[PDB]
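Enquirer: Below: one structure in structure tokens.
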Amino acid sequence: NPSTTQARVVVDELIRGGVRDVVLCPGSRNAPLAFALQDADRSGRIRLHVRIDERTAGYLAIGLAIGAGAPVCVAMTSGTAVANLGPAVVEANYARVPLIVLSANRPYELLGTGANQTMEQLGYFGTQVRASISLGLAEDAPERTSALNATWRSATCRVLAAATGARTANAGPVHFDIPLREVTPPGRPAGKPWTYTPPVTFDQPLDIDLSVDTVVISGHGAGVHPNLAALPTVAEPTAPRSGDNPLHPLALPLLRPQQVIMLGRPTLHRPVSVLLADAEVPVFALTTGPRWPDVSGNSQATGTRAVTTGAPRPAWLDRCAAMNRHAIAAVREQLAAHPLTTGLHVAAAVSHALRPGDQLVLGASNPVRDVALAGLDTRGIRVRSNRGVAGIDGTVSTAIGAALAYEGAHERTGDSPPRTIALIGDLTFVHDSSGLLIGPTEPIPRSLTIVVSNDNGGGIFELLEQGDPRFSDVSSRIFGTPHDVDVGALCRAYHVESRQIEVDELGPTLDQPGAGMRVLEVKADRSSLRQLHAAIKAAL
Amino acid sequence: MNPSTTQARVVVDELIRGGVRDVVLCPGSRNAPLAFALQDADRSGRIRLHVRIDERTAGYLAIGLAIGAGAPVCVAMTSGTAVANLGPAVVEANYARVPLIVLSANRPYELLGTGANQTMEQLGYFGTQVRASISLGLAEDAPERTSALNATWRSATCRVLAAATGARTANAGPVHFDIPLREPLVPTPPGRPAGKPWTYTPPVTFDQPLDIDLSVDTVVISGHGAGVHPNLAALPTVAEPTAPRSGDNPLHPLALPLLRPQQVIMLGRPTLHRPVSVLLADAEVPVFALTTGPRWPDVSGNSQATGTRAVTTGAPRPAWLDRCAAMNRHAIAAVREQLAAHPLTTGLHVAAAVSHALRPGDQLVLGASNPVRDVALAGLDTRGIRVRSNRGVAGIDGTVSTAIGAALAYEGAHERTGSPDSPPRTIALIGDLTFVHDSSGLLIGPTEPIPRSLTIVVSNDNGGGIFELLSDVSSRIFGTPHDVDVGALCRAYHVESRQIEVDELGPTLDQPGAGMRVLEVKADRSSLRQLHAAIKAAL
Amino acid sequence: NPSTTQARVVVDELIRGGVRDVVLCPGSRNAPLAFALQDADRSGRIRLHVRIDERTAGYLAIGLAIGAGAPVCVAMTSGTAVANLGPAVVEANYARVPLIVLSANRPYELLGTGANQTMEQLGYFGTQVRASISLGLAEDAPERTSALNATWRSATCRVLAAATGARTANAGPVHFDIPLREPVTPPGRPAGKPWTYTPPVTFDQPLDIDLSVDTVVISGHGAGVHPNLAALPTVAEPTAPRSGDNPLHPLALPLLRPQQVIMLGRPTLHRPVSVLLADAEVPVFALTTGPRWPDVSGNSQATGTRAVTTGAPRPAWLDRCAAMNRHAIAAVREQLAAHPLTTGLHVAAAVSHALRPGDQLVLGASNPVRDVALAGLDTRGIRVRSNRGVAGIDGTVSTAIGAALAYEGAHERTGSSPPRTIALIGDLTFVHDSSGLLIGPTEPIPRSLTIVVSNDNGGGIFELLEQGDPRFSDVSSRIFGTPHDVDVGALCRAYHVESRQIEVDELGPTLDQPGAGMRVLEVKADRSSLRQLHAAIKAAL
Amino acid sequence: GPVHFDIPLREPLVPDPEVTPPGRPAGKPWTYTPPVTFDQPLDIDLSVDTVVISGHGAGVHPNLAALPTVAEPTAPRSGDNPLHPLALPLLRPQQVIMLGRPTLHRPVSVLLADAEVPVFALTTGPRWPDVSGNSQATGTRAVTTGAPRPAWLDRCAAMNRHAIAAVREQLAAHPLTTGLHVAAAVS
Ligand SMILES: Cc1ncc(C[n+]2csc(CCOP(=O)(O)OP(=O)(O)O)c2C)c(N)n1
Ligand SMILES: Cc1ncc(C[n+]2csc(CCOP(=O)(O)OP(=O)(O)O)c2C)c(N)n1
Ligand SMILES: Cc1ncc(C[n+]2csc(CCOP(=O)(O)OP(=O)(O)O)c2C)c(N)n1
Ligand SMILES: [Mn+2]
Ligand SMILES: [Mn+2]
Ligand SMILES: [Mn+2]
């Protein structure tokens, strides 16, 4: 059989290319490269992860990818695989995550006369993936074994480079097909990839004068800019910080910046949106990759670097620092004044408990905002959130995958693995609750703690226009969506340790390692959420 | 003004700020707002407009206007099959990395599925072929929103321009810019101060250094899109005609099989030569791929590495250089002796004569099939001349229009330098089937710009010459000479044309003549196999 | 060889399905089913047409399909094949013509690492085709020849049914891929029957309509025939089949107030028609075949396939409509007589008057198809074609040639001199597809095709519209008139096509004479006066 | 089938403090399209020994009620002559009438996979299943000729009894409750 050789060559090149983890789902036909993948899994060269739910599996792959920054494969086998992987692939595209989807088409069967129970295709692969590469059918030619080895490894390297953005700096999902009919040719010496791609730079310098009153907004994907380290910075949680001059999100409406340097892709805070769209404020977008964020079209220039002249006026820095202290104290004070535990209270407790070396996975909705409003100093901590499309789906498996990948990185350097802490809301937890179902044969994280802040619904709609009390009569059912799930019972069903705790007990519980993967539920209230935010700004 | 008019004038203004000097317009009622705005911009001298009937050849006219001087070019056409006709040029623009903006009018998107006349699935029609598919919002009559609408329209236009020119990706290519338009179609918020683009995105520097040891016996193969590598100038280089040459040590393509290079540096995208293609399919020979953008060719399965430039240790063996230099002379001398010994005139004879007539400063446009390869076999020295050829997919469509657009843009850049000299020559070499196939590219309205110094040389062996160099029942049409009268075609489109024999070619190219003219040279293809077999036996 | 057997089975089942003509273009690689198609063309079982121009080749196939209603294959095999065939496929989709696009993937070759020699893909296949079917590679086991023969013929019948709308009544293009690896026939059903037999189908959606209400019928492209609507005043587009003998001239519509409208097929002509179909005071009843119904304004009251009528039209309404019909015919005829210069409307009137039953008329887009409607041609007994799906001016010469060849082939089967096919196109339309005149001596050539070119050196239709207002006079000339000065005669001579420039009163006698070949008649026409001619017609209504 | 109705929306997204544009009189649809009647008659001769396999989405056929029928649970049964799935591989029908979209049984798939038995596909809509390489024809209903042979009905009835008895006897003798036991209980 020529295909097993091909399959083992591909897997070998994938491993040479930094793939440590592969996610599989069972289905009616054999997974692509399965024997080669189980060969490699037994020998320890690669770590397989099996799940029954295809959708949580794709998000597990995303977590495995963003946990340490490596490409990961997902190889699946059903008439529902393409449909269930859809959400993860859209997130991989928009968040620029290197996710390799493996398929195994069959050139000897008919296509288009009915239902294919591999790869039932939808319409999103055209728009979402960086590349779509299929090897040829492996054929009978001992005579051609050297050339076919050269072709298979080159194409695999082409798949890896497209997914990681090695030459484009635009990482994203790739569709990789290894067709099937139904002593392995060596790669390069010393484990070198067949086609080596040396490091790449994309350089677009923009002139910027810092004497103009300047604020920095940094969002998802933002780079690190040392020449902007001292500027007042409104940094989203997932944005790596350059310096030590934070500007709280709620101080922005009280300031009038003359120009904005926006790093990466922002998605949080309406005052950020209004400032970005203000026609009188020049906006400089510094990002990596082909496109730039600009919902209003108001931006003046895009590039990758700033070349700076001048320095900010001290009165501008002084007043920015003053409003920053004004806003932080307003939140602390009204949190102390507010009686009922809310998700904002939980976020502050989680932030205080964090320490350098931690990984923090944040859910969408109020959790990722609340951490920003709690004012977490994110330096030394690696913050992950699925900001590409900001869905409330797949966050449990994302956190599981990130902790596994981050812990795997801790092993290969030869103490106990670093903590990974996830803060998610109750709806988000319910959405991806099947991520908790992990078989005994599958890898399980050692230091994953998932904090669920449960206000029995979506607290975020209490802060929006539909949260207005003129909508008190109608907002609860179509926006609040209360559900009454028993989180403790759910975690017990999947044999995952869980606990109810109060916000003041959170730090002490998080300190101690705990028996592996655990859930801590904190009860929260969203009826007082609108007033609580009303009180915080009312103190500004 | 009504919304479609304002929006069309905003897009045209931002396109001009973004460096668009030439626009190809195809007639239609739906694109009246853009047609009117484009015409007014042409009358003011801000752009040069070019009206064409046939959208497919118009697309290749846009390509020629783009490759002639390296600017982004926009082609505008109405909804319906006029957009489907841009398909072939878009595929060429994709594979040749040509900044072609396809600006299509459209009906509102909610009219799809309603049986509206002349409406189709336009957005996404080109799929993977384009760098971006961007659509403007149907303009609405909100007089308060006009300032914000102006920002969004100019911003989307800057996104279109950056994707087309590869301003952030370093990978220029076609872009589809779709504007849904509503009635009335028949009749301006300002941009940035000082004529700057609305969103200023400077051209990126894309850098990928790569270590290569030159004491290893090394040959360079440079194809379409190759960059200039001064640290590789001394090396023996098998350079395609469209490849710009770093140095002065050419290596004839037929000399390659007579050599044993220890390693190969591949520049850009090689397309042309069977000895090249064989050598690159040799797993045993290491190939390093250097390119100007993120893409790199899959022609060799043993591409060891990728880069944009080389970091060189060492120098080539003087004996290696001496030997490669000898084999190069040996190869080109075989060609020239077998051409002299050949009784009949062939397209290879015509390409040799054309190469001899060129002078530095000329632009040379080569058609697919035998012309572009015949020029390489004839040993053309390309330094100082700009050589264009549609190497993306190497089809026969649009070659005449590509030669015309390239001449026009090459001449416009020359007026720009301020020289009072005659504009520089553009000389094209295309086969007879290619010329007949795109003969309607000769059509230019009386109002429309006409090249001032374009000579199209048609090498006419009355059929498909390269098929001697070897099937389907599809090949039966080639088994019979077509007998299409090239002269009659040229008068149909009121273009000066003359037959000449091959010795008149040099002297005839030296006299300027009409701004655009066609020189037909009769050739023989019945002896082509004999000639080529005599060349190989002489090596 | 497994591939070889597969190819002859597929070609044999296509023939059984009614495929008479296949269009091929030479390319980088060997066409789909090339050897099987080559054998069948020798036996006279199938007829091949080869062109170098891939765009004109798709429109040639459209013509061969609409000439007699037969499904047509295009086997095209290059890196620009999909791009050039796009216009033809879009037209086949919107006009519902059975166009089977044949391809041949190589599963043993890589995809997506660069340019594809076989099939460089665009984004339109996924939205324009009724189906995408791909055979398996022919596996090499002789125990299963009977099993593989059944699978291949079943799949080929599935391709044909999708293309002809045999079960859906929604004909259109389908993509048929027969994969291949470089480098006696299992028999089909007895008596030449298709492997999977699709007996006749009916989609029945009756709509209740009261004809006592003042009713007008607008029938367009794809319209059916309705005997219970034969008496109604009917504004019929030239491609629409007539159900009755009570026509209503398009220019007479704005002079009347129908209380309700029955719309047949897909209307694409006349602004008074679109205004009336959009009038919220007028209930519109759409009777079409197929899944969708035309309704740009969304004003339509109901859609179905058939009408169940009560009552009859008031005789006052009939005489009112008949009287406006007469005034409209009178206005066109007199103002044409009173106009000194020859326009395309003059040419369209002359072509109409020369037509006789049994003719095939092929109408180009723009003014020609409208002008024939303005001349009040009686389309009964006439087969009228026009590419109204997208109404492009591209590909019309090959569409006329293909339709002439298909219509002549059906006549050759009767055993009976071939019937006339007469084409009327504008000069821009001719210039667009002039390369379609290039037919090799190896290739089928019509015997009775006369292409009439009405040449006003530009697009005359833009004189009539928004851009034709004299206030726009300076700019509009260049961007809408698009004059070109092409010498049609020199162009035809270059392609060895008999051609002559004649005055319009010579048109009738010349068309009656047998030209015994494919030929091109050119009539010089003026468009500078087109706007005032039409204004004079309207004033005489 | 499913359709995708996408609605672009922008702020303000919530109602303003309170006039809805009306539809047609009398609650009628804006554009009224009655449900189509899709009809494709197909001649079948029932004296040839026939089995009926009914899949998901199968129609109801009175003129086929006498024929031995293997009907999936979702198939709306119309006949009075059931044939158990396990009796199919012990029968050799001369022709097969296939209703709707069969999906459930391997022997059904095996029988339909055989290229030697003619299959007639009777469906409710334009689609028809490709599970059989030897589908002679398609229809919506059958125009029957003849009647099933008495000897053929006896065999099918006889093998049907065996299959029912085998399942019933072997469930009764099995020591452990299985999912098949749960299914019979629910049934
Ligand atoms: C898949 C998906 N569905 C719906 C939404 C819209 N949405 C955004 S936030 C939110 C509420 C999330 O509630 P929860 O996770 O409990 O967080 P909380 O706001 O209560 O802290 C919803 C439904 C989404 N972002 N993704
Ligand atoms: C491999 C390949 N073969 C054929 C074609 C189509 N094609 C390309 S060149 C050609 C004939 C070229 O003839 P001509 O233009 O006279 O130039 P010559 O080769 O005779 O010099 C054809 C049919 C193609 N696109 N690709
Ligand atoms: C491919 C394509 N491009 C552009 C158009 C827009 N268009 C419609 S009519 C027309 C003018 C046609 O001129 P001609 O064929 O000479 O007919 P005339 O108006 O002179 O009667 C144009 C350009 C179209 N319908 N199809
Ligand atoms: Mn909640
Ligand atoms: Mn030639
Ligand atoms: Mn005209």
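Identifiers in this document derive from the order of the structure tokens: chains are assigned A, B, ..., residues are numbered from 1 separately in each chain, and ligands are numbered from 1 in order of occurrence.
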Per residue of chain A within 7 Å of chain D, record the nearest atom pair and its distance in Å to one decimal, counting only C-alpha atoms, with rows in chain order and ascending residue number, as a Markdown table.
Expert:
| residue | atom | partner | partner_atom | distance |
| --- | --- | --- | --- | --- |
| A:113 | CA | D:130 | CA | 6.3 |
| A:114 | CA | D:130 | CA | 6.5 |
| A:466 | CA | D:14 | CA | 6.6 |
Enquirer: Taking the chain letters and numbering used in this document, name the residues of region 25-257 of chain B that DSSP puts in alpha helix (DSSP H), as a PyMOL selection string.
Expert: chain B and resi 32-43+55-69+81-84+87-96+146-165
Enquirer: For chain A versus chain C, which residues have an atom no more than 7 Å away, and what is each residue's nearest atom pair and distance in Å rounded to one decimal, using only C-alpha atoms, chain-then-number order, as CSV?
Expert:
residue,atom,partner,partner_atom,distance
A:107,CA,C:136,CA,5.8
A:108,CA,C:136,CA,4.1
A:109,CA,C:136,CA,4.5
A:110,CA,C:136,CA,4.9
A:111,CA,C:134,CA,5.0
A:112,CA,C:133,CA,4.6
A:113,CA,C:133,CA,6.3
A:132,CA,C:112,CA,5.8
A:133,CA,C:112,CA,4.7
A:134,CA,C:111,CA,5.3
A:135,CA,C:110,CA,4.8
A:136,CA,C:108,CA,4.2
A:137,CA,C:108,CA,4.4
A:138,CA,C:108,CA,6.9
Enquirer: Would you output that residue set with C-alpha atoms, as a PDB file, in the first residue's frame?
Expert:
ATOM      1  CA  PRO A 107     -11.543   9.774  -5.751  1.00  0.00           C
ATOM      2  CA  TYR A 108     -13.082   6.381  -6.575  1.00  0.00           C
ATOM      3  CA  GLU A 109     -16.591   7.195  -5.313  1.00  0.00           C
ATOM      4  CA  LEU A 110     -19.252   9.415  -6.847  1.00  0.00           C
ATOM      5  CA  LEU A 111     -19.732  13.006  -5.663  1.00  0.00           C
ATOM      6  CA  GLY A 112     -22.874  15.113  -5.840  1.00  0.00           C
ATOM      7  CA  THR A 113     -25.543  12.418  -6.313  1.00  0.00           C
ATOM      8  CA  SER A 132      -6.962  24.638   0.491  1.00  0.00           C
ATOM      9  CA  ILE A 133      -4.396  21.988  -0.448  1.00  0.00           C
ATOM     10  CA  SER A 134      -4.957  18.370  -1.449  1.00  0.00           C
ATOM     11  CA  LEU A 135      -2.223  15.846  -2.008  1.00  0.00           C
ATOM     12  CA  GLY A 136      -2.596  13.537  -4.930  1.00  0.00           C
ATOM     13  CA  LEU A 137      -3.482   9.896  -4.630  1.00  0.00           C
ATOM     14  CA  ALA A 138      -0.423   7.891  -3.634  1.00  0.00           C
TER      15      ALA A 138
END
Enquirer: Please find the residues of chain B near chain A - the criterion being any atom within 6 Å, counting only C-alpha atoms - and write them as number ranges by chain.
Expert: B: 151-152, 155, 168-169, 199-201, 204-208, 283, 294, 301-306
Enquirer: Taking the backbone alone, and naming residues the way the document does, which bits of region 409-496 of chain B are strand (DSSP E or B) by DSSP, as a PyMOL selection string?
Expert: chain B and resi 426-431+454-460+496
Enquirer: Take the selection from the previous step and output its residues with C-alpha atoms, as an mmCIF file, in the first residue's frame.
Expert:
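The result, stored in again22.cif:
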data_model
loop_
_atom_site.group_PDB
_atom_site.id
_atom_site.type_symbol
_atom_site.label_atom_id
_atom_site.label_comp_id
_atom_site.auth_asym_id
_atom_site.auth_seq_id
_atom_site.Cartn_x
_atom_site.Cartn_y
_atom_site.Cartn_z
ATOM 1 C CA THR B 426 6.923 49.474 -27.940
ATOM 2 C CA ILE B 427 7.517 46.444 -30.151
ATOM 3 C CA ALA B 428 5.310 43.379 -29.804
ATOM 4 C CA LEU B 429 5.880 39.870 -31.160
ATOM 5 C CA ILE B 430 2.787 37.653 -31.338
ATOM 6 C CA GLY B 431 1.763 34.581 -33.285
ATOM 7 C CA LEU B 454 3.541 50.792 -31.019
ATOM 8 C CA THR B 455 4.570 48.303 -33.709
ATOM 9 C CA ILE B 456 2.944 44.859 -33.535
ATOM 10 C CA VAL B 457 4.974 42.210 -35.369
ATOM 11 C CA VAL B 458 2.813 39.214 -36.299
ATOM 12 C CA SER B 459 4.848 36.096 -37.060
ATOM 13 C CA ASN B 460 2.345 34.251 -39.269
ATOM 14 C CA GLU B 496 -1.917 50.453 -40.758
#
Enquirer: What gap, in Å, lies between CA of residue 369 (chain A) and CA of residue 72 (chain A)?
Expert: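 So the two atoms, CA of residue 369 (chain A) and CA of residue 72 (chain A), lie 28.7 Å apart.
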Enquirer: Near chain C, which residues of chain B fall within 6 Å when you count only C-alpha atoms, and what do they look like as a ChimeraX atom specification?
Expert: /B:27,54,80-81,84,87-88,114-118,124-127,445,472,474,484-485,488-489,492-493
Enquirer: Please compute the CA of residue 392 (chain B)-CA of residue 219 (chain B) distance, one decimal, in Å.
Expert: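 So the two atoms, CA of residue 392 (chain B) and CA of residue 219 (chain B), lie 24.0 Å apart.
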Enquirer: Around ligand 5, out to 7 Å and counting only C-alpha atoms and all ligand atoms, which residues are there? I want them as a list in words.
Expert: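 The residues near ligand 5 are residues 431, 432, 433, 459, 460, 461, 462, 463, 464 and 465 of chain B.
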Enquirer: For chain C, report every residue with an atom at most 6 Å from chain D (counting only C-alpha atoms), formatted as a list in words.
Expert: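 That gives residues 147, 150, 151, 154, 167, 168, 196, 197, 198, 201, 202, 203, 204, 205, 300, 301, 302 and 303 of chain C for chain C.
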Enquirer: Counting only C-alpha atoms, which residues from chain B have an atom at most 12 Å from any atom of chain D, and could you show them as a ChimeraX atom specification?
Expert: /B:109-110,137
Enquirer: Residues within 8 Å of ligand 4, counting only C-alpha atoms and all ligand atoms: report them as a PDB file with N, CA, C and O atoms, in the first residue's frame.
Expert:
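Heads up, here's the output in selection.pdb:
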ATOM      1  N   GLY A 343     -20.972  39.881  38.644  1.00  0.00           N
ATOM      2  CA  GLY A 343     -19.841  39.399  37.872  1.00  0.00           C
ATOM      3  C   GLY A 343     -18.659  40.342  37.919  1.00  0.00           C
ATOM      4  O   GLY A 343     -17.505  39.907  37.852  1.00  0.00           O
ATOM      5  N   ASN A 366     -19.883  40.025  29.622  1.00  0.00           N
ATOM      6  CA  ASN A 366     -19.339  40.832  30.710  1.00  0.00           C
ATOM      7  C   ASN A 366     -17.983  40.352  31.225  1.00  0.00           C
ATOM      8  O   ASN A 366     -17.162  41.214  31.583  1.00  0.00           O
ATOM      9  N   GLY A 425     -19.068  33.333  31.995  1.00  0.00           N
ATOM     10  CA  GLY A 425     -20.410  33.516  32.495  1.00  0.00           C
ATOM     11  C   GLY A 425     -21.215  32.233  32.448  1.00  0.00           C
ATOM     12  O   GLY A 425     -20.795  31.224  31.885  1.00  0.00           O
ATOM     13  N   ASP A 426     -22.410  32.291  33.037  1.00  0.00           N
ATOM     14  CA  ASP A 426     -23.216  31.082  33.182  1.00  0.00           C
ATOM     15  C   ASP A 426     -23.758  30.599  31.841  1.00  0.00           C
ATOM     16  O   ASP A 426     -23.748  29.394  31.567  1.00  0.00           O
ATOM     17  N   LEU A 427     -24.239  31.514  30.992  1.00  0.00           N
ATOM     18  CA  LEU A 427     -24.696  31.109  29.663  1.00  0.00           C
ATOM     19  C   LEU A 427     -23.556  30.513  28.850  1.00  0.00           C
ATOM     20  O   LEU A 427     -23.731  29.497  28.167  1.00  0.00           O
ATOM     21  N   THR A 428     -22.382  31.144  28.901  1.00  0.00           N
ATOM     22  CA  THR A 428     -21.217  30.614  28.203  1.00  0.00           C
ATOM     23  C   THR A 428     -20.883  29.209  28.688  1.00  0.00           C
ATOM     24  O   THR A 428     -20.614  28.311  27.883  1.00  0.00           O
ATOM     25  N   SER A 453     -19.097  32.671  36.907  1.00  0.00           N
ATOM     26  CA  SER A 453     -19.854  33.707  37.600  1.00  0.00           C
ATOM     27  C   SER A 453     -21.294  33.644  37.109  1.00  0.00           C
ATOM     28  O   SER A 453     -21.589  34.050  35.981  1.00  0.00           O
ATOM     29  N   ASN A 454     -22.184  33.145  37.953  1.00  0.00           N
ATOM     30  CA  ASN A 454     -23.545  32.798  37.556  1.00  0.00           C
ATOM     31  C   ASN A 454     -24.519  33.834  38.108  1.00  0.00           C
ATOM     32  O   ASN A 454     -24.869  33.796  39.291  1.00  0.00           O
ATOM     33  N   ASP A 455     -24.966  34.752  37.250  1.00  0.00           N
ATOM     34  CA  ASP A 455     -26.132  35.576  37.549  1.00  0.00           C
ATOM     35  C   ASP A 455     -27.386  35.054  36.852  1.00  0.00           C
ATOM     36  O   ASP A 455     -28.311  35.823  36.576  1.00  0.00           O
ATOM     37  N   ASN A 456     -27.425  33.750  36.577  1.00  0.00           N
ATOM     38  CA  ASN A 456     -28.571  33.078  35.964  1.00  0.00           C
ATOM     39  C   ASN A 456     -29.080  33.849  34.748  1.00  0.00           C
ATOM     40  O   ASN A 456     -30.250  34.223  34.663  1.00  0.00           O
ATOM     41  N   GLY A 457     -28.182  34.093  33.805  1.00  0.00           N
ATOM     42  CA  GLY A 457     -28.547  34.723  32.555  1.00  0.00           C
ATOM     43  C   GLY A 457     -27.420  35.594  32.032  1.00  0.00           C
ATOM     44  O   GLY A 457     -26.295  35.553  32.518  1.00  0.00           O
ATOM     45  N   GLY A 458     -27.757  36.383  31.017  1.00  0.00           N
ATOM     46  CA  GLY A 458     -26.800  37.278  30.399  1.00  0.00           C
ATOM     47  C   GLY A 458     -26.804  38.652  31.032  1.00  0.00           C
ATOM     48  O   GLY A 458     -27.680  39.474  30.745  1.00  0.00           O
ATOM     49  N   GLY A 459     -25.831  38.911  31.905  1.00  0.00           N
ATOM     50  CA  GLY A 459     -25.776  40.194  32.579  1.00  0.00           C
ATOM     51  C   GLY A 459     -25.537  41.363  31.651  1.00  0.00           C
ATOM     52  O   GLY A 459     -25.871  42.499  32.002  1.00  0.00           O
ATOM     53  N   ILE A 460     -24.986  41.109  30.460  1.00  0.00           N
ATOM     54  CA  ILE A 460     -24.574  42.207  29.592  1.00  0.00           C
ATOM     55  C   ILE A 460     -25.779  42.965  29.060  1.00  0.00           C
ATOM     56  O   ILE A 460     -25.708  44.182  28.850  1.00  0.00           O
ATOM     57  N   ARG A 526     -27.747  39.999  38.635  1.00  0.00           N
ATOM     58  CA  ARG A 526     -27.757  40.941  37.530  1.00  0.00           C
ATOM     59  C   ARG A 526     -28.912  41.926  37.599  1.00  0.00           C
ATOM     60  O   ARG A 526     -29.007  42.803  36.733  1.00  0.00           O
TER      61      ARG A 526
END
Enquirer: Near region 87-89 of chain A, within 8 Å and counting only C-alpha atoms, which residues show up once chain neighbours fewer than 2 positions away are dropped, as a list in words?
Expert: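 In the requested format, the answer is residues 55, 58, 59, 62, 84, 85, 91, 92, 93, 99, 128, 129, 173 and 394 of chain A.
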Enquirer: For region 372-382 of chain A, please output as a ChimeraX atom specification all residues within 6 Å (counting only C-alpha atoms; exclusion window: fewer than 4 positions along the same chain).
Expert: /A:348,351,356-359
Enquirer: Can you tell me, as JSON, numbers by chain, what residues are no more than 12 Å from region 263-265 of chain B when counting only C-alpha atoms, ignoring any on the same chain fewer than 2 positions away?
Expert: {"B": [210, 211, 212, 213, 214, 215, 216, 217, 218, 219, 220, 221, 222, 223, 226, 229, 232, 235, 236, 237, 238, 239, 256, 259, 260, 261, 267, 268, 269, 270, 276, 279, 280, 281, 282, 283, 284, 285, 286, 287, 288, 289, 290, 291, 300, 302, 303, 304, 305, 306, 307, 308, 309, 310, 312, 316]}
Enquirer: Pick from C:286, C:361, C:101, C:523: nearest to ligand 3, with only C-alpha atoms and all ligand atoms counted?
Expert: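 When distances to ligand 3 are compared using only C-alpha atoms and all ligand atoms, the smallest one comes from C:523.
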